[PDB]
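1. PDB entry and its sequence, pasted below:
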Amino acid sequence: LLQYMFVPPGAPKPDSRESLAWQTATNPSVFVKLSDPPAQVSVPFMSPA
Amino acid sequence: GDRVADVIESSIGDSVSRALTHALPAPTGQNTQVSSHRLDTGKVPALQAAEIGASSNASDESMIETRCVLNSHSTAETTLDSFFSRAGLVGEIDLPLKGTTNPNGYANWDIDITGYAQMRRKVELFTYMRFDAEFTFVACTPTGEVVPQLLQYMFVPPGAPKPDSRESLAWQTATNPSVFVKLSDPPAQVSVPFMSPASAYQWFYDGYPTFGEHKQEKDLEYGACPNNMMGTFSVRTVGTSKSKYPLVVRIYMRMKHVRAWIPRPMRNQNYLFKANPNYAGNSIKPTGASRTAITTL
Amino acid sequence: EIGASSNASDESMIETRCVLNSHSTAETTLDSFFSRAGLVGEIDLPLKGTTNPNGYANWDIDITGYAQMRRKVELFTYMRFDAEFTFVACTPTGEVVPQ
Amino acid sequence: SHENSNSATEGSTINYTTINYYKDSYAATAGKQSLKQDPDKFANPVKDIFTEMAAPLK
Amino acid sequence: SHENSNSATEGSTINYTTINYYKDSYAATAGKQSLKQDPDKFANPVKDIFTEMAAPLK
Amino acid sequence: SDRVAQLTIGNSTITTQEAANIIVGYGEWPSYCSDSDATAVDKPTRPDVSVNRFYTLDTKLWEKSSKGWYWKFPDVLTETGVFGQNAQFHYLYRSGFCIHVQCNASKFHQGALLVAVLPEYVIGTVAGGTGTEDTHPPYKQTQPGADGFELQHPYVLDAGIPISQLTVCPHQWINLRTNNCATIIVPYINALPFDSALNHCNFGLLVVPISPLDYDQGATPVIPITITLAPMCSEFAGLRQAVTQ
Amino acid sequence: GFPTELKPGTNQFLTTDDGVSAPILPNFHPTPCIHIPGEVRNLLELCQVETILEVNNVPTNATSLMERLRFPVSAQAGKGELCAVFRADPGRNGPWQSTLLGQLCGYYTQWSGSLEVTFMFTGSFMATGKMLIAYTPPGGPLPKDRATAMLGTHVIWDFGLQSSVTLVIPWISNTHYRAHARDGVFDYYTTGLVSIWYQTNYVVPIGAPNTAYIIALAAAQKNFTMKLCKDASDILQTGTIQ
Amino acid sequence: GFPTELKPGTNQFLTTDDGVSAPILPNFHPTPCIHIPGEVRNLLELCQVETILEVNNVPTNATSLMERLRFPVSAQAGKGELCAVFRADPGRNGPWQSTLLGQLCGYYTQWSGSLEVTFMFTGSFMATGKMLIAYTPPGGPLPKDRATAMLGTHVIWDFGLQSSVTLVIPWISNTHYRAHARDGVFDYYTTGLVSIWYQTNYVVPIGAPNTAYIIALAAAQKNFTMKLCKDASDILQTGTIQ
Amino acid sequence: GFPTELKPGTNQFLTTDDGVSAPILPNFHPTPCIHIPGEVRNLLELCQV
Amino acid sequence: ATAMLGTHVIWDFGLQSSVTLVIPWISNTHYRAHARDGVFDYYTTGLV
Ligand SMILES: CCO/N=C/c1ccc(OCC[C@@H](C)CCN2CCN(c3ccncc3)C2=O)cc1
Ligand SMILES: CCO/N=C/c1ccc(OCC[C@@H](C)CCN2CCN(c3ccncc3)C2=O)cc1
Ligand SMILES: [Cl-]
Ligand code: NA
Ligand code: NA
Ligand code: NA
Ligand code: NA
Ligand code: NA
Ligand code: NA
């Protein structure tokens, strides 16, 4: 089982497998098994420009 | 009937809460209007009187010469649902083999989301909150491994029999809602309504739950309000023999259809306990970074 | 003695205010009360045991072997209904195997 | 969709637009809501409001 | 949906609203039902009914 | 014309010649509970003038070293006047409040008090200093009565929250060079239509010096801060014998 | 095929999920439903039917169980003495457990409504008397004397032709619903106390018994409703049912 | 059955996915929502409420924390001396961290809008004075002297009846939005510097204090908006919360 | 639930498949697009230079 | 604290040099005779 998380500039980067940041209360995270098909998401145009 | 004047002309009883302000639509940020140099006596936007208790009403246009700017920046992402409807960790349940805590194959989790800082600090921004929620249950061994194990989750509301063992009769679950799922299956997921007896849950209750002398022994119940206690969440491996593998269930909550009232200052000291705002007295830290002098960056 | 319940109401026993009660009565309908799946039978298919060491088993369709469910239905004398049956199978340790 | 009105926001000033497949409204998505806001409720709850160009205390 | 009328509640005073994907009606969901109720059937089955303000025995 | 005011309610009248307007908490006036929100069936009692009036409960002395105090509502009135009696005889209670904190000095004194109202003001303890002891505040501290209670650690309002953000609550300031009083009208705030005046304190009143009092040797050094308040639209229900707690 | 994508919840079996399942007997038509008296449509119908309240829930040996079904009254010394007391909490352990209301109440986490208790005097026709029955809303301790009890909601019952009287326990709550009350923080949802006192005295002439009994029947008013289904606290089974 | 075909993403659990999940309590109806004062609909409402800015974020020992809430002014030597300085970057470590605006700002990656800081003088009524508060847009180093600071956007505050004055930090940016600024390449998103200088001097007569304090309150203008939710940089927890 | 039946292709990840994927940032609105000179719409435009 | 329970005015010194206390007519009888020590204290008005 894996966890992927998007950490935008300013959000706490996880420093370990057990980091509190993985609580992911606001960042978007995805939980998926290697057995499951490839995880897939849509991402918007996020630049400030 | 009513005949005496003071009774006729009385206001005793109007349920209409007269409001001083009303909400206007605001999909985008406010635009900026062209402005020019004003050299007037009498008019003075820059001067305020903070003692009144209201924020400054001075605007860009009146403090400097501005150009016109059509602002179409959206305000959608700062609505309560946008802010809160993101699932976060609120509980962990351990089902070890030869351990100390739960070596019996089952576990009872008191439904309280205040054990995790991230989520907690967010909801504590408001005093009262009313909402529905989506709960997701992620289970696997301690190494994040997936094994062929069947589990049963059951919601035990206040008053229902809490399971005392992996084989407890309560798991017959004839009325309580239960969920049966394999670790191999994707995370179980259900919708939960607003179940309080009150019109809203409240993260703060400055009071006691019962009458009587509030002696030292009972000081643990200060701040405890039953309207916030929705019940127990029980889980167990489904069998009459011990499971071959140790398990961990992470509980994620995603609020939806949210309403909140009364903003509060946001927590600025580390959390210590679920039930209260206790902070470490010998370690009161400032809210943020500090510097050597007020005249240097 | 008549055999009927008291018809006395709040309004006539004490001075009452007006209360617009919008509390729903939906959750106490028979379907709300009963349409919740509960355990009504268990079948064992052991290897070297006493009961069924032959690989099959016959279960007499009777839901009265479990208290929870039983006590609920016994509140009424006659009942007419359709039903949804769910069958959960696994080894005695709650393990899943390719069978 | 003719369901049960048991959503936490039933009877709310803000108009929601959601999706659902069950008879119970609270099972629905979060959807989009109305973008109305009232800053004055918190930033300017004075009894007698003063103008931007005037001297607040007179 | 034009199916078979084999539900246990076919021909019932209480109006049901359900969902189904099979030709057999009993395969349908439980749905929502009518909220009618008749307490008197059990709480006041007297031949000659008496009023709240009167003396029950006269 | 905004610096001068008169508050009259019941058989009591307050005057001030150095005010700074009036705040109406969360922008709405106190009002009786409607037949839709109500749930209890007994007809309430609304004493009106005998309880909706100005009660002057306590005076504290502002010093160059004061930390700040807090009082709890309705705890402050539970043992005062006809209001207190009704609060004791009835299980259910609800009302709004008009709070008027007074503090005058001279044109040569300086200092600023932040006067705010904080709903559901739960108190925390310093947890044994190290945070390893799960201590709880005693009755005397959660419901200090009319005497109020002095704050131990103002910066965190004795509850792990920054006082710097307390202005997000209905409030006013008493800046000696500008005004000598704060007035805040507060509506009933709770998630229930009525509640116990004894077991539940709907909100707390905080009076904290943010800018310390100061003056020169020879100016009157005794600067009191007096608290006056009046319930508004008081309603009570669920009569029985009197109970103090 | 049509592009689909599986979401969380997939494969789970929720016992309360109201879905569609394949029918095992195609074209089967059930036996016609004939008319049967006493159909019930909603549990609330049953909550309005009075059943006996065991105010006298003290004896426990098998031969004395029927005694729990009624309490006594007899000639006193005119000091407005106490007759009996009991909590009004319908979903709590105690007297209400003998009523159908209390039992059904056991299947719901929350309830809201006024309750009523009707007391029937079964003494001789020659016996007379006046009683004071009072309901003490939350916060009030068990009334020391009658003078205290009298301060709450009450009824003064006069024995006579009409054998019974009804005490209405009006819904006086802070919250719109109460969860089952019990010792601990959940006493927050307590309803209150009910106490019976001798208003005057049980009087009887020569030739009639000095002791008679009262039977208490209880049920809910029409504003009563319950919500949030839960299993009852009892499971009447110890081992397997053979 | 109907021909379908599973696509990537199947079985994944995205924490921000806004989908539909089976309800656990069929036909459950929640307690009615009564009226409650102060409902908030959008976080932006809170960003317009002024909260105290810790311009004087230097002392750190527990007993002196309340001092961070205000800075001083006193009689000078008339050389247009410097009073205080601070970065205007609202989502950066420093003074703004004490404001609700800065804290909420912590939950969003980007922000756009004009900010405002209102300064309240708390000296005695007999004290007078004129200050020059200036906002130096990006690129300008910390102003050497007042003459330099004066070249930017500024306000000349005159003490008097109106205790306060408002400095507007107008939105002057190259990009439509700024991400949180910080040392390094992200200083590209810096807002600028704010500096306070003595325009004339703090004057007071015999009998009044030589030192008084200023309290700074800050919030956002109505063109302020934030985008892209992210977790705050702080997690107020060290071990498990018991 | 509704009767469905999986066909071949299920679970595969075709790099050119033009499908729909769950959005990671609900209600996010991108920075407005200002005018920029020289927008190209089709590679053929470049083949004529 | 006790005095405060009756009819009162809270006077704030300032520009307006004066303040007015109204001693409203609160009597059991429509008229009072001159009060004085003894049974005629029945007609007393009260304390300020
Ligand atoms: C088949 C079993 O599936 N059931 C899952 C489930 C999940 C959650 C359930 O209830 C969740 C209720 C929480 C949203 C309430 C959280 N709250 C409400 C306010 N509160 C609280 C905590 C500490 N102090 C004050 C308030 C809380 O912790 C019930 C069942
Ligand atoms: C492909 C095989 O799948 N078939 C599954 C299945 C499941 C249940 C089936 O019938 C269930 C009938 C029960 C709902 C009847 C329960 N009852 C009716 C009344 N009753 C009973 C028991 C003891 N005393 C009196 C009445 C019962 O136990 C038939 C087939
Ligand atoms: Cl008194
Ligand atoms: Na199915
Ligand atoms: Na079929
Ligand atoms: Na789902
Ligand atoms: Na359902
Ligand atoms: Na996809
Ligand atoms: Na979305």
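-> Yes, it's here. Numbering: from 1, shown residues only, chains lettered A, B, ... in the order given. Ligands and ions are numbered 1, 2, ... in the order given.
2. CA only for contacts and neighbour counts going forward, please
-> Will do.
3. need the helices for chain G, in chain order.
-> G:43-47, G:100-105, G:146-149 (DSSP state H).
4. Dump the ones you listed into JSON lines; add mean neighbour count as well.
-> Below are the helices of chain G laid out as JSON lines (neighbours: other C-alpha atoms under 10 Å in any protein chain shown):
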{"stretch": "helix G:43-47", "mean neighbour count": "23"}
{"stretch": "helix G:100-105", "mean neighbour count": "22"}
{"stretch": "helix G:146-149", "mean neighbour count": "19"}
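5. Tell me where chain A has helices.
-> Taking DSSP H as the criterion, chain A carries no helices.
6. and it, which residues reach chain I?
-> Taking C-alpha under 8 Å from any C-alpha of the partner chain as the contact definition, chain A meets chain I at A:28, A:37-38, A:40-49.
7. Mind giving me the PyMOL command for buried ones among those?
-> This is how PyMOL selects the buried members of those, with burial counted by 16 or more other C-alpha atoms under 10 Å in any protein chain shown:
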select buried, chain A and resi 28+37+38+40+48
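8. Identify, from the residues of chain A next to chain I, the entry nearest to residue F:176.
-> For the residues of chain A next to chain I, the closest approach to residue F:176 (C-alpha to C-alpha) belongs to residue A:48, at 46.2 Å.
9. Now do the same contact list for that closest one.
-> H:110, H:175-179, I:31 (C-alpha atoms under 8 Å, 6 or more residues apart in numbering or on different chains).
10. check contacts around residue D:34.
-> Per C-alpha under 8 Å, 6+ apart, neighbours of residue D:34: B:25, D:14-16.
11. Mind naming the longest strand for chain G?
-> Determined from DSSP state E, the single longest strand within chain G is strand G:211-220.
12. give me phi/psi at residue G:60?
-> phi -130, psi -20 (degrees, to the nearest 10).
13. how far away is it from residue G:87?
-> Distance of residue G:60 to residue G:87, computed by C-alpha to C-alpha, to the nearest Å: 20 Å.
14. in chain G, what residue is nearest chain J?
-> Chain J sits closest to residue G:151 of chain G, with a gap of 26.7 Å, by C-alpha to the nearest C-alpha.
15. If I follow the layout properly, that residue ends up in contact with residue F:241?
-> Yes: contact criterion C-alpha atoms under 8 Å: residue G:151 and residue F:241 qualify, at 5.5 Å.
16. Quickly list what the residue nearest the centre of chain F is bridged to.
-> Note on chain F: the residue nearest the mean C-alpha position is residue F:205, at 3.6 Å, using C-alpha atoms, centre = their mean. According to DSSP bridges, the partner residues bridging residue F:205 are residue F:71, residue F:117.
17. which residues sit in contact with it?
-> F:70-73, F:115-118.
18. For those residues, which PyMOL command selects only the ones that are buried?
-> Buried subset of the contacts of residue F:205, written as a PyMOL selection, criterion 16+ other C-alpha under 10 Å:
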select buried, chain F and resi 70+71+72+73+115+116+117+118
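19. List just the nearest of the contacts of residue F:205 to chain C.
-> residue F:73 (26.4 Å).
20. what sits against the closest one?
-> Taking C-alpha under 8 Å, 6+ apart as the criterion, residue F:73 is in contact with F:201-205.
21. Now do residue A:34: how many residues are near it, please.
-> As a burial measure, residue A:34 scores 9 neighbours (other C-alpha atoms under 10 Å in any protein chain shown).
22. residues in contact with residue 20?
-> No chain was given, so I picked chain A. Taking C-alpha under 8 Å, 6+ apart, one finds A:14, H:235 in contact with residue A:20.
23. Chain F was what I was after
-> B:51-52, D:57, F:2-3, F:178-179, F:181-182.
24. for residue F:89, phi and psi?
-> The phi/psi pair for residue F:89 (degrees, to the nearest 10) is phi -70, psi -20.
25. pretty sure residue G:180 contacts residue G:93?
-> No: using C-alpha under 8 Å, residue G:180 is not in contact with residue G:93, being 9.7 Å away.
26. Does residue G:82 touch residue G:146 like I think?
-> Yes: judged on C-alpha under 8 Å, residue G:82 makes contact with residue G:146 at a distance of 7.4 Å.
27. what do those two both touch?
-> Here residue G:82 and residue G:146 share the contacting residues residue G:197, scored by C-alpha under 8 Å, 6+ apart.
28. Where does chain D get nearest to ligand 1, which residue?
-> Relative to ligand 1, the nearest point of chain D is residue D:8 (11.9 Å; C-alpha to the nearest ligand atom).
29. near chain H, which residues of chain F?
-> F:26-28, F:36-37, F:107-112, F:154-155, F:162, F:164-168, F:175-178, F:187-193, F:210-211, F:214-216.
30. Likewise for chain G?
-> G:1-10, G:14, G:16-18, G:176-177, G:227-229.
31. Among the residues you listed, name the buried ones.
-> G:4-9, G:14, G:16-18, G:176-177, G:227-229.
32. which residue ranges form the strands in chain G?
-> G:2-4, G:13-14, G:51-52, G:71-74, G:82-87, G:108-112, G:115-121, G:130-136, G:153-158, G:164-169, G:178-179, G:193-198, G:211-220, G:225-229.
33. just checking, what packs against the third one?
-> Judged by 3 or more C-alpha pairs under 8 Å, 6 or more residues apart in numbering or on different chains; DSSP states H and E, the packing partners of strand G:51-52 are strand G:211-220.
34. Strand partners (parallel or antiparallel) of the strand it packs on?
-> Applying DSSP bridges, one finds strand G:211-220 paired with strand G:51-52 (antiparallel), strand G:71-74 (antiparallel), strand G:115-121 (antiparallel).
35. Any idea what the nearest residue to residue D:46 once chain neighbours are set aside is bridged to?
-> Nearest residue to residue D:46, sequence neighbours excluded (C-alpha to C-alpha, 6 or more residues apart in numbering or on different chains): residue F:23, at 4.6 Å. On the basis of DSSP bridges, residue F:23 is bridged to residue D:46, residue F:184.
36. which residues touch residue F:23?
-> Contacts of residue F:23 (C-alpha under 8 Å, 6+ apart): B:52-53, D:45-47, F:170-172, F:183-185.
37. Can you give me the distance of it to residue F:12?
-> Separation of residue F:23 from residue F:12 (C-alpha to C-alpha) stands at 20 Å.
38. burial measure for residue G:208, as a count.
-> So residue G:208, with other C-alpha under 10 Å, has 14 neighbours.
39. What of residue F:142?
-> 24.
40. so who does the residue nearest to it when sequence neighbours are not counted touch?
-> Nearest non-adjacent residue to residue F:142, counting by C-alpha to C-alpha, 6+ apart: residue F:123, 6.5 Å away. Listed by C-alpha under 8 Å, 6+ apart, the contact partners of residue F:123 are B:206, B:277, F:137, F:142, F:158-159.
41. How about the helix or strand in which residue F:14 is found and chain B, touching?
-> According to DSSP states H and E, residue F:14 maps onto strand F:12-16. No: Strand F:12-16 stays out of contact with chain B when judged by C-alpha under 8 Å from any C-alpha, the minimum separation being 14.6 Å.
42. In terms of secondary structure, what does that strand contact?
-> Packing partners of strand F:12-16 (3+ C-alpha pairs under 8 Å, 6+ apart): strand F:5-9, strand J:8-10.
43. Please consider this matter closed, and thank you.
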